[PDB]
Amino acid sequence: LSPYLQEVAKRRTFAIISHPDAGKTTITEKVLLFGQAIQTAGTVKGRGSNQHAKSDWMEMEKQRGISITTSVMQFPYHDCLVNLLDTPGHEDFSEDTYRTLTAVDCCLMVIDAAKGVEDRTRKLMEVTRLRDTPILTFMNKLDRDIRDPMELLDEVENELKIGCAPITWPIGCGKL
RNA sequence: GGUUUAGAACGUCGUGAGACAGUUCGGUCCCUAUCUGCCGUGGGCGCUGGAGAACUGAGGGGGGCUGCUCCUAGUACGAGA
Ligand SMILES: Nc1nc2c(ncn2[C@@H]2O[C@H](COP(=O)(O)OP(=O)(O)NP(=O)(O)O)[C@@H](O)[C@H]2O)c(=O)[nH]1
Ligand SMILES: [Mg+2]
């Protein structure tokens, strides 16, 4: 427990991957307020939640349309020091994302519970198994009317060839 | 202020006086309301002995517009926007 091997062990550096518009960038902004980096928060395109607070999608064109290239982040949560990446969704667009995976020891996949598993979701798992990299799964968008979370588990096991272990479970979806 | 008076000029027409549904500058707009109506306000009598109060409510009138924001929710919808 020397001041060296202690700093090392308390660190944790990970990805965040998605099919385009799943919510990487949003869950990221929220992860940032659980780290006391953003005292308020925002949305995307600076949209529906007002205030010139978008944000932390670096660049510029990102804020005009929707997301471009990996923003990177370091903040403290609980007993750890997290290093957070923000991987772009789009076939032609990255690249980069792939090279970014080279910097992560593990990885979190966001899934649109209203959409299930999409195309670049499937392609991203292939790239993942290249390094036997671990995957956390987050089922985003429970504010929306979604599919049966049972069926959502099938699509994840069947099409992504990986076991599902529910930690939490939604009670009602959409307006409920 | 416009434009159908009287002054004056331009262009135009006519020998001319004058003329143009061409133009230009100037140029007196009265009424103390009797009736109807309408807004208000009293007087009289009626209502069945006379009086002071408080009512019922037939009916009449006034009022009746709308923006933006927030919650639902950036949810339904949408590939997105
Ligand atoms: N209803 C709802 N909408 C969400 C949720 N999370 C994200 N969104 C919406 O989904 C859209 C996609 O946002 P974004 O975070 O850019 O997704 P992304 O995965 O970063 N984009 P990309 O995959 O292109 O990099 C946003 O407009 C945001 O409003 C959620 O939990 N619920
Ligand atoms: Mg993004």
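Criteria and thresholds
Residues numbered from 1 in each chain as written, not as in the entry; some residues may be left out. Chains lettered and ligands numbered in written order. Part of a larger assembly, values for the part shown. Heavy atoms only, no water. Residues with missing side-chain atoms left out of burial classes, pairs and counts. Near = heavy atom within 4 Å. Polar contact = N/O pair within 3.5 Å; in protein donor to acceptor, adjacent residues only side chain to side chain. Donors = N, O, S within 2.8 Å, 3.2 Å for Na, K, Ca; no water. Helix = DSSP H or I, 4+ residues; strand = E, 2+ residues; numbered from the N terminus. Pairing = 2+ DSSP bridges. Axes fitted to C-alpha atoms, helices over the stretch in contact; angles between N-to-C directions. Areas by Shrake-Rupley, 256 points an atom, 1.4 Å probe, with all protein chains shown as cover. Nonpolar A, V, L, I, M, F, W, Y, C, P; charged D, E, K, R; others polar.

In the PDB archive, X-ray crystallography is given as the structure determination method for this entry, at a resolution of 3.7 Å.

(A) Focus on the protein's contact with RNA strand B. Surrounding RNA strand B, one finds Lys45, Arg47, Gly48, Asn50, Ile66, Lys115, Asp143, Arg144, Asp145 and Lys175. Backbone atoms, meaning sugar and phosphate, make up 68% of the atoms of RNA strand B lying within 4 Å of the protein. The separation between a sugar or linking oxygen of RNA strand B and a polar side-chain atom of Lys45 is 2.6 Å. Between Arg47 and RNA strand B, the recorded distance is 3.5 Å, taken from a side-chain N or O atom to a base nitrogen.

(B) A look at the coordination of the magnesium ion (ligand 2). Coordination of the magnesium ion (ligand 2) by the protein is provided by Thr25 (OG1) and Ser67 (OG), with metal-donor distances spanning 2.1 to 2.2 Å. Note that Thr25 is positioned in helix α2 (residues 24–33) and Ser67 in the loop between α3 (61–64) and β2 (73–77), a separation of 42 residues in sequence.

(C) Summary view of the sheet that holds strand β3 (residues 80–84). What the 3 strands build is an open sheet, ordered β1-β3-β2; its pairing is mixed. Here the strands that pair on one side only, and so sit at the sheet edges, are β1 (11–14) and β2. Across this sheet, the average inter-strand angle for adjacent strands is 20°, counted without regard to direction. With 5 bridges connecting them, β2 and β3 associate as antiparallel partners.

(D) The site of ligand 1, seen in detail. Ligand 1 sits among 18 residues. The nearest are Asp21, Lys24, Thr25, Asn140 and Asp143. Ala22 places a main-chain nitrogen or oxygen 3.3 Å from an oxygen atom of ligand 1. One of the side-chain N or O atoms of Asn140 is found 2.4 Å from an oxygen atom in ligand 1. In the complex, 80% of the free accessible area of ligand 1, which totals 650 Å², lies under the protein chains. Residues of the shell around ligand 1, tallied by class, amount to 5 nonpolar, 8 polar and 5 charged.

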